[PDB]
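When we count neighbours, we look across all protein chains shown, and the Cβ atoms used for this are built from the backbone with ideal geometry, even at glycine. Only the coordinates and a few stated rules stand behind these numbers; no lab work does.
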Number of protein chains: 4
Amino acid sequence: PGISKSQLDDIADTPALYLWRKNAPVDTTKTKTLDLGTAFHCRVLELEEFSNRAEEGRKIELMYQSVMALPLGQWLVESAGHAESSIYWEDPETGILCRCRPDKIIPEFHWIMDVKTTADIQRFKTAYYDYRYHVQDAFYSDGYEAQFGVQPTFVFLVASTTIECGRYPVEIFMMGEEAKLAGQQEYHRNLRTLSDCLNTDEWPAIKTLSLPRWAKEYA
Amino acid sequence: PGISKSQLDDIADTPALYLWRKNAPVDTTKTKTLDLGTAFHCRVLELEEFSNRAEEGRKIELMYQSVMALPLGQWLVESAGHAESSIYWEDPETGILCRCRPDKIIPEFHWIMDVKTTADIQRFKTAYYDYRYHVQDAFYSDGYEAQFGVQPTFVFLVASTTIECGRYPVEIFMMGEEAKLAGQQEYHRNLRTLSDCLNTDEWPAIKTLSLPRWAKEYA
Amino acid sequence: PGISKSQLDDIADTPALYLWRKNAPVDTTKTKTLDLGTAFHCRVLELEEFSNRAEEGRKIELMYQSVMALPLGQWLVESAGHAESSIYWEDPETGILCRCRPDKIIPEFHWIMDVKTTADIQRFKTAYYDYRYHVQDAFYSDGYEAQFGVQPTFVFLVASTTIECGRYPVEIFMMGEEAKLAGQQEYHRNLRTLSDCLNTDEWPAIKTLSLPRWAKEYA
Amino acid sequence: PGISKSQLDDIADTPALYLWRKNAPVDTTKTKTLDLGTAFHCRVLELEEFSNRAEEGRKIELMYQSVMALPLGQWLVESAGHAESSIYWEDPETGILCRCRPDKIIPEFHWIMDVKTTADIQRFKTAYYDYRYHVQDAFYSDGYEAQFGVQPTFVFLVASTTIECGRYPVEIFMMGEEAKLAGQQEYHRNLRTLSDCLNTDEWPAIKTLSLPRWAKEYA
C-alpha cells in the first residue's frame, strides 16, 4: 500500500519503529468494547452499515443526536459527499507514494471532516498536538489539493464519551494557520527522512536521550 | 427568557454552542445523588422547602452547621433578605435583556451571597476562574446595581464535601478588584459578540486551534 | 490554653477561621484507622503506652525497626530526654501566650525531634512548606530557646507508610537557614495579626481572590 | 563486595542512608508478581533458566516477540556475548573498589545492553534521569573501558508492560553526550563523598531543606 499518516508517525519517532510495526505481533483479544469511538465513527459516517458490526448503545445514539444539534455539525453529517474514499499521490519532492483516506469529503465546497472522540473537549484543544493531528490536516489537505485542485477546509468533529452537565458536548475544530503549516513541514521532513532509509537501506533505531529541564545539572 | 450568565458562558466558548445547548437532548437518568451541593444549596437557602425534594443526609446537616460557625457566614444565612429572586435589565450598550437570580440578597446592606460547594477549598482559590465565577460577580453585581441603585457586595460562600482533619471547612470568598473588573469586561465582550449573531444571524462554530507552548515548533 | 502552631495556621488563612475551629462540630466517627502515623508516633515515643490504645500492626513494628537502622535516628529514639512536655512563653513583641509541645526533646545537647509520617519522602522535601513545617521549626525553636537558654537543633524524623523496593525508608530532615528564618517571620507576622483581632475585637473572614497566572487577562 | 551503582545512589541521597540499607529489615512477603520485568529481564537474557523460577505468562512471550521485531533489538538479544558477568575495578582517583554487572555485553563490537521495562516509553525519555540511569551508563561504561580497553556503546532496551494500540512497544535508548558526561561527574562526585565517610568515619544523615520555588517568600 502507500505511506499513511499513521506511518510518518512511526518514522517521526524513529525510522526503525516504522518497519517494526510491520512485524510486531498483536495480542488478538479485543476485550473492552472501548472503541466506542470506532463505533461512533461508523454511526456518524456509514449510517446503515452501522446497524451491523450493551446498555451503552444508547450513548452512541445520544451523542450522534448531539452533533446534529449545532448547525455546522449537522450540515457536515448531512450535505452531499463520499466517505472512506482513499486518495493517492506522489510527493513532488520525494516521489514517494502517499495515501490518506478522509472520513468524509464534501465535494461541492471542498470540505474534509474527520470524526474523532475524546474524554475532555477542553483537553483536546492542546492535546491534538501530541497525536499529530496537525500533521493529519496538512497531510490530507495536501494530498487532497494535489489531486482535486485546491486545498480543502479540514475540520475536526470532536465528541465526548463523558457526559458533562447532562449532555455529551460536541466541538468542530479547525487547525490554525500557524499550526497547519507546522504540520506541513513535519510530514515533509518525515517523508524525506523516510526517503533516505529507502535508498540507503538504513533505519536507525537508537533514540538518543538528553538531560531534562529540571536537571540539577544546571540551575 | 433572558440571557443568563450560563449563556454568556456558551457564547464565550463559541457563538454556536449557545443555540446548541437549546437543542442537544439530555440523558434524563440522574443516577448519583452527587448534586449534594444542589441539596446543600437548598438546605442553606430554602430551609423548609429543604425537608422536601441516604446515610449522607447527615453530612448536609453537619456542613450547614459548619458555616453557622464562622460569624460572617452565620450572619449571611441569617440576616433579612430574599432568595431566588430574579433580576432583569437591558444592557445599556447592547440593549439586550439580561437575567441573573442571586442565591441570597440581603437588602439592608446590599449584600449578595452565592452558595457553592467544592472538594478543595484550596483548589477553588484558583479554580473559580475556569468556572468564570468572576464573570458571575460582575454580571450579578452589574444587574443588581443597574436595578437597585448601587454595586453590591458579592460574596461566595464555599463549602467542602470532603471532610478534612475531622470537620467540613467553609470559606467566604470575594472577588478582587483586578478580577471583578476582568469579569465585567468579559461579559460585555460576550454580550457584544452575542449581539452580532442576532442582527447578523450568523453563529460561527469552528474553534480555531493554535500550537501549544511546549510545541517543539519553537525552542 | 495558649496559642499553638496549629492555631497560627488558622489566622494565617483567615483571622475568622481561627475562632471557627473552636465551634465547628466534628463528625465523631473515626472509621479508617489511617492515623497509623498517630500510632507510629506513639510507638516511637511512648514505647509502653503504645501496647495500649490488624494485619498492619506488623508494618508499625517494621517501620520502627527501620528508623533504628540509620544511626542518627537510632540515637534520637534512644538518648536521654522528655517527650510530650509542653512549653509556654509570652511572645516578647505581642505579649501573647504561646504554647508548643515538642514530640521529643533531648536536654543534654538541646535537640528537638518531631516524628512525622508520609507517603513520599521525596514529595516531603518540598511539601512540608504547605504544612508550614518551617513555621513549626521557628515556633518550637523560639519557644524552646526562650525558656531553656538557646535555640535547639530541630530535626524532623520522617517515615513512609508505603514500602519501596522492599523496605520502609526513613529520613531525618532539618530546616535550612533561609527557611528557618522565613518561618520565624511568618509566625510573628501571624502573632501580630492575632493581636489585632484581640484588642480590636474584629476577625475578617472574607478571603479576597486574585486572577491566576494563566489568566488570559494578560499574555 | 564492591560499591555498585545502587550504592552510589544511596550516598547520593545522604551518606547515612548508605549504611542504613545494610541494616533496615525487609518485609519478606513478595505478594504481587509485579516484578514481571524481573521475569522479562530473565526471558530476554537467560533463555533456558527462564523456564524455571498466570494468564500473564503470555504477555512476557508477546513482549519478547516484540523486541525481536525491530532489527537493532533482535541483533542485541542474539549476537554473541556474555550476560550477568560482573566487572570489578579500583576508581583511579579514590582507589575505591567498584562493581557493576551489565545485563548483556557483546564482546565483538563492545556493546553493553541493559534491559529495563516501564509503563510509558514516552515518560521514560525524561524519567530515566530520576532513576539515575545516566549515572548507570557512565558507571558501567567507565568500569568496562577501565578493564576491557575502551568505552563501550551503552544501550538501554526498554519494553512496556502496558499494551498500546494493540501491541507492546519497545525502544532502544542511548545516553546523549551531554548526559553521559553529567552521569560520569555524578558517580565520581559520589565516590569522593563515599571516600570521606570511610577515612573520616562520619556519615551525615541530616538532609537540609530549602524553600521551594512557589514559596510566597519571594515573588
Quick check, is C:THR118 within 14 Å of chain D (Cβ to nearest Cβ), in contact with a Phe, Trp or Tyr (Cβ under 6 Å, 6 or more places away or on another chain) and of a type in the set (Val, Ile, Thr)?
yes
Which condition does A:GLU93 not pass, out of (1) away from chain B (no Cβ under 11 Å); (2) closer than 21 Å to A:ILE106 by Cα, if it passes all the others?
(2)
Of (1) of a type in the set (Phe, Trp, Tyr); (2) more than 14 Å from chain B (Cβ to nearest Cβ); (3) crowded, with 16+ Cβ neighbours inside 10 Å, C:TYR129 satisfies all except one. Which?
(2)
Residues being surrounded by 15 or more Cβ atoms within 10 Å (Cβ to Cβ) and in contact with a strand residue (DSSP E or B) (Cβ under 6 Å, 6 or more places away or on another chain): count how many of those fall in region B:195-214.
4
Restricting to region C:193-212, name every residue that is in a loop (DSSP other than H, G, I, E, B) and either more than 7 Å from every other protein chain (Cβ to nearest Cβ) or touching a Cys at 6+ places or on another chain (Cβ under 7 Å) (or both).
C:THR200, C:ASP201, C:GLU202, C:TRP203, C:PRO204
Of the numbered conditions (1) within 30 Å of B:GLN147 (Cβ to Cβ); (2) surrounded by 14 or more Cβ atoms within 10 Å (Cβ to Cβ); (3) among the hydroxyl-bearing types (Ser, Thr, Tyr), B:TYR88 satisfies every one except a single condition; which is it?
(2)
When you go through (1) of a type in the set (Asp, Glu); (2) closer than 28 Å to D:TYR18 by Cβ; (3) part of a loop (DSSP other than H, G, I, E, B) one by one for C:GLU61, which number turns out not to apply?
(3)
Give the residue that is nearest to C:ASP103 (Cα to Cα), with candidates limited to residues of region C:145-167 that are assigned to a loop (DSSP other than H, G, I, E, B) and either in contact with a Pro (Cβ under 7 Å, 6 or more places away or on another chain) or more than 7 Å from every other protein chain (Cβ to nearest Cβ) (or both).
C:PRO152
When every residue in region D:168-190 that is within 12 Å of chain A (Cβ to nearest Cβ) and touching a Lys or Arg at 6+ places or on another chain (Cβ under 8 Å) is compared, the one nearest to D:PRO15 (Cα to Cα) is D:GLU186
Checking A:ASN190 against (1) within 18 Å of the chain's Cα centre (by Cα); (2) within 30 Å of A:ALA39 (Cα to Cα); (3) part of a helix (DSSP H, G or I), which single condition isn't satisfied?
(2)
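Would you mind finding the one in B:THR33, B:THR29 that is within 14 Å of another protein chain (Cβ to nearest Cβ), surrounded by fewer than 19 Cβ atoms within 10 Å (Cβ to Cβ) and either over 20 Å from the mean Cα position of the chain (by Cα) or of a type in the set (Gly, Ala, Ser) (or both)? Even if it seems obvious, please write down each step before you answer.
Numbers: B:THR33 fails: within 14 Å of another protein chain (Cβ to nearest Cβ).
Step by step, each of B:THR33, B:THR29 is checked, and only B:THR29 is within 14 Å of another protein chain (Cβ to nearest Cβ), surrounded by fewer than 19 Cβ atoms within 10 Å (Cβ to Cβ) and either over 20 Å from the mean Cα position of the chain (by Cα) or of a type in the set (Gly, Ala, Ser) (or both).
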Test for B:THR117: is it of a type in the set (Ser, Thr, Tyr), under 17 Å from B:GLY37 (Cα atoms) and not in a helix (DSSP H, G or I):
yes
Only listed residue being more than 9 Å from chain A (Cβ to nearest Cβ) and within 30 Å of A:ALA12 (Cα to Cα), chosen from B:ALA219, B:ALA215
B:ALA219
Does region A:18-29 contain any residue that is among the aliphatic types (A, V, I, L, M) and closer than 23 Å to A:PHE139 by Cα?
yes
For region A:8-26 the number of residues that are away from chain D (no Cβ under 11 Å) and either loosely packed, with under 13 Cβ neighbours inside 10 Å or within 16 Å of D:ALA69 (Cα to Cα) (or both) is 1
I'd like the residue in region C:64-80 that is small (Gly, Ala, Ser) and on the phi < 0 side of the Ramachandran plot and, out of all such residues, is farthest from the other protein chains (Cβ to nearest Cβ).
C:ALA80
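Just give me the residues in region C:36-57 being among the small types (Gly, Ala, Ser) and either within 9 Å of chain B (Cβ to nearest Cβ) or more than 22 Å from the chain's Cα centre (by Cα) (or both), in sequence order.
If the condition is that a residue be among the small types (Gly, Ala, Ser) and either within 9 Å of chain B (Cβ to nearest Cβ) or more than 22 Å from the chain's Cα centre (by Cα) (or both), then C:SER51, C:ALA54, C:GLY57 are the ones that fit.
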Check region D:26-49 and report whether any residue there is assigned to a helix (DSSP H, G or I), of a type in the set (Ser, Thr, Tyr) and touching a helix residue (DSSP H, G or I) at 6+ places or on another chain (Cβ under 6 Å).
no
